[PDB]
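K.L.:
an experimental structure, sequence included, is below.
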Amino acid sequence: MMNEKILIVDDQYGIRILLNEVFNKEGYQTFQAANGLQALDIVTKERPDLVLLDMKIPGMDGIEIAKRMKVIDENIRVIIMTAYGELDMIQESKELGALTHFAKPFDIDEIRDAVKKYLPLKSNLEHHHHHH
């Protein structure tokens, strides 16, 4: 809507960049966090338009983070990444302001695609014509 940002929680530093550059690649704005509490700060400070929390991150989860982010916005469009089939803390994290979840085993194109279908801004999704 206004400042359509995407926050990306990663410790590896590369994963965050992967989504940072690919979200931006599409025409987005992104940011990164090495725990969750960081994106947390950036949500209460910047209020992105969408956030991602890799609970697969090297150490911690941004679960109580989205928790506080849903205390801060209730649903700042969070997406928590898991081991594709882990989702151990997923239930609370998803009811906690997250619009959905993802996987650390995610696909790049799937990541930009999935977020455009949820938090849209310029990346159009075809569900109005039904033709593609």
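P.N.:
Received it, and whenever you're ready, just let me know what you need. Numbers count the residues shown, from 1 in each chain.

K.L.:
show me what contacts the closest residue to residue 68 other than its chain neighbours?
P.N.:
Closest residue to residue 68 apart from its sequence neighbours, by CB to CB, 6 or more residues apart in numbering: residue 40 at 5.7 Å. For every residue, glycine as well, the C-beta is placed using N, CA and C. Residue 40 makes contacts with 33, 62, 65, 68-69, 72, as judged by CB atoms under 8 Å, 6 or more residues apart in numbering.

K.L.:
mind checking which of those residues are in helices?
P.N.:
65, 68-69, 72 (DSSP state H).

K.L.:
and of those residues, the nearest to residue 6?
P.N.:
residue 69 (13.4 Å; CB to CB).

K.L.:
number of nearby residues for the closest one?
P.N.:
30 (other CB atoms under 10 Å).

K.L.:
so what's the backbone phi/psi at residue 39?
P.N.:
Dihedral pair for residue 39: phi -60, psi -30, per degrees, to the nearest 10.

K.L.:
with that, I have no additional questions.
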